[PDB]
Amino acid sequence: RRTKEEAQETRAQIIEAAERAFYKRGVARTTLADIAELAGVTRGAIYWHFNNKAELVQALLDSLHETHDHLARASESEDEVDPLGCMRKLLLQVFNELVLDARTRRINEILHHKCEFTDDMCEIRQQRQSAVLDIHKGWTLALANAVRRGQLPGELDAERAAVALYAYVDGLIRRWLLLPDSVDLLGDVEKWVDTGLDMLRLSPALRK
Amino acid sequence: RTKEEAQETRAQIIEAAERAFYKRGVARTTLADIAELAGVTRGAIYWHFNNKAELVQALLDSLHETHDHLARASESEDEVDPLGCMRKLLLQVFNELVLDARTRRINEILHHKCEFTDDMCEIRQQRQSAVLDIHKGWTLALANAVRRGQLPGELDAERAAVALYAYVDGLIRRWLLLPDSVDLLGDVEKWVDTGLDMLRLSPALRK
Ligand SMILES: Oc1ccc(/C=C/c2cc(O)cc(O)c2)cc1
Ligand SMILES: Oc1ccc(/C=C/c2cc(O)cc(O)c2)cc1
Ligand SMILES: [Mg+2]
Ligand SMILES: [Mg+2]
């Protein structure tokens, strides 16, 4: 009965339908008019909320980080006493949500496997670059905090370690999406997280 | 001769497919689009490829060729240094990615420009088959390294092959996305050894 609350409901309906449409048919061939029909909204309504498909993809991508922001900011805090432990809790929660939450799984599948970078829609690649650079900045600081607190080797190259951890986690998530019944990500989640952290703690190649 | 002409036509089609897929992506490119870009007519592309998924697979299969010698060596139970063969394999994989325009662009197509959205689902099915085949070979090569004492005796060879694939595949994709951020060629030894150190040293990878 109020403008803002009805707008928020319509926006959520559009995003939910976009996840269903992109997951089934992919981003390239899905139109906003298609998503409007699936959502039960008018074309005027969808173009009111989103200028183009790139803005809907970004809404999906930006929706992933809210769950973990509390543990991420803690790991990045220069006053946090256990930054490596916050990083481990962050990685456990990432994997747990991926396996358990149908929405998170479907969005990750869309971004990994149903969404092309093409220069006719250059914003998709540009916004993915910004998201990964932002993650890298956070993890570089979290790992530097861990080194200062004696939880990681003193000569750790924090930048390269953050890249190595991102490579491993992102590669494991994509492998699981491709071949889920191949790897028990939920049952062995602690093992999978600790494999990545062990690389950072123990590999001499990651020292300066 | 018919045989040499058909081989040249196939190569012309595959080269045009790389150009077309890189520019416009796989989803919206048809075989008819690729044939026009290749200068190939009278329906010849359909004599070479049953559908677009087969052309994607041809690009994917072309990546194995350079590395086959080192991969088979690493998997041979007669090889004396199966971990060293795997190291040389990963060095070449990263070197070719940075140096070879064709390998780089094919990887960019498969990682970033190729939706799992075809009718017969063959694009996803063949990617699954390809990764399972890599996994089978890497599990064998790591099991050979364990047998030679080059990796821990209690290593979970299957999980270690998954962890190494995750790291390597993730690092390649990370580099394709942000090439100015990772000196893949300059520090290639460090990047390869970081991954091999994970398998050699992580207790989480032991049974
Ligand atoms: O494949 C993936 C690779 C990396 C990540 C990281 C997510 C993440 C989420 C946060 O809230 C803070 C952060 O610093 C990182 C998620 C998935
Ligand atoms: O990210 C990756 C990029 C390339 C590869 C190649 C693996 C490979 C496996 C084989 O059995 C034979 C071969 O010639 C290559 C694996 C992972
Ligand atoms: Mg969430
Ligand atoms: Mg090659």
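Order of the sequence lines sets the chain letters (A, B, ...), proteins ahead of strands, with each chain counted from 1.
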If you compare all heavy atoms of A/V81 against all heavy atoms of A/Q151, which two are closest, and at what distance to 0.1 Å? O-NE2, 4.4 Å

Does any pair with a residue in residues 95-131 of chain A pass ring pair (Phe, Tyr, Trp, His ring centres under 6.0 Å), and if so which ones, sequence neighbours excluded? A/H113-B/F116, A/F117-B/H112

Pairing residues for [X] by the salt bridge (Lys or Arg N to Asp or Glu O under 4.0 Å) criterion, not counting sequence neighbours:
| X | result |
| --- | --- |
| B/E158 | none |
| B/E189 | none |
| B/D197 | B/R200 |
| A/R43 | none |

Min side-chain heavy-atom separation [X]-[Y] under 4.5 Å:
| X | Y | value |
| --- | --- | --- |
| A/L202 | B/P203 | yes |
| B/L199 | B/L83 | no |
| B/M198 | A/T195 | yes |
| B/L164 | B/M86 | yes |
| A/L64 | A/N108 | yes |
| B/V182 | B/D187 | no |
| A/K191 | B/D156 | no |
| A/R11 | A/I15 | yes |

From [X] atom [atom1] to [Y] atom [atom2], the distance as rounded to the nearest 0.5 Å:
| X | Y | atom1 | atom2 | result |
| --- | --- | --- | --- | --- |
| B/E115 | A/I110 | CD | CD1 | 10.5 Å |
| B/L132 | B/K136 | CG | NZ | 10.0 Å |
| A/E123 | A/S130 | CD | OG | 12.0 Å |

Under the side chain to side chain contact (heavy atoms under 4.5 Å, CB included) test, which residues partner [X], sequence neighbours left out?
| X | answer |
| --- | --- |
| A/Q129 | A/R125, A/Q126, B/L177, B/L178 |
| B/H69 | none |
| B/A38 | B/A16, B/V40 |
| A/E78 | A/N145, A/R148 |

Side-chain donor or acceptor of A/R175 paired with backbone N/O of B/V131 under 3.5 Å: no

Would you say A/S77's side chain and A/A74's backbone share a donor-acceptor pair under 3.5 angstrom? no

Using a cut-off of 6.0 Å, state whether more than 12 heavy atoms not belonging to B/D119 lie near its atom CG. no

Please check if atom NZ in A/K208 has more than 12 non-hydrogen atoms from other residues, nucleotides or ligands closer than 6.0 Å. yes

Can you run down the salt bridge (charged side-chain N to carboxylate O under 4.0 Å, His left out) pairs that involve residues 93-115 of chain A, sequence neighbours left out, and say none if there aren't any? A/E19-A/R103

Kindly state each residue pair satisfying salt bridge (charged side-chain N to carboxylate O under 4.0 Å, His left out) with at least one member in residues 54-67 of chain A, sequence neighbours excluded. none

Criterion side chain to side chain contact (heavy atoms under 4.5 Å, CB included) on B/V56 and B/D118, from CA distance to verdict: CA-CA 11 Å; B/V56 173; B/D118 70 305; over 6 Å; no

Give the table of side-chain donor-acceptor pairs shorter than 3.5 Å for residues 23-36 of chain A, with sequence neighbours excluded, one pair per line with atom names and distance.
from  : atom 1 : to     : atom 2 : distance (Å)
A/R29 : NH1    : B/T117 : O      : 3.3
A/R29 : NH2    : A/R25  : O      : 3.0
A/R29 : NH2    : B/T117 : O      : 3.3
A/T30 : OG1    : A/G26  : O      : 2.6
A/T31 : OG1    : A/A33  : N      : 3.4
A/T31 : OG1    : A/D34  : N      : 2.9
A/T31 : OG1    : A/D34  : OD1    : 3.2
A/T31 : OG1    : A/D34  : OD2    : 3.1
A/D34 : OD2    : A/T31  : N      : 3.0

Please determine if B/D169 and B/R173 form a salt bridge, counting it only when a charged side-chain N lies under 4.0 Å from a carboxylate O. yes

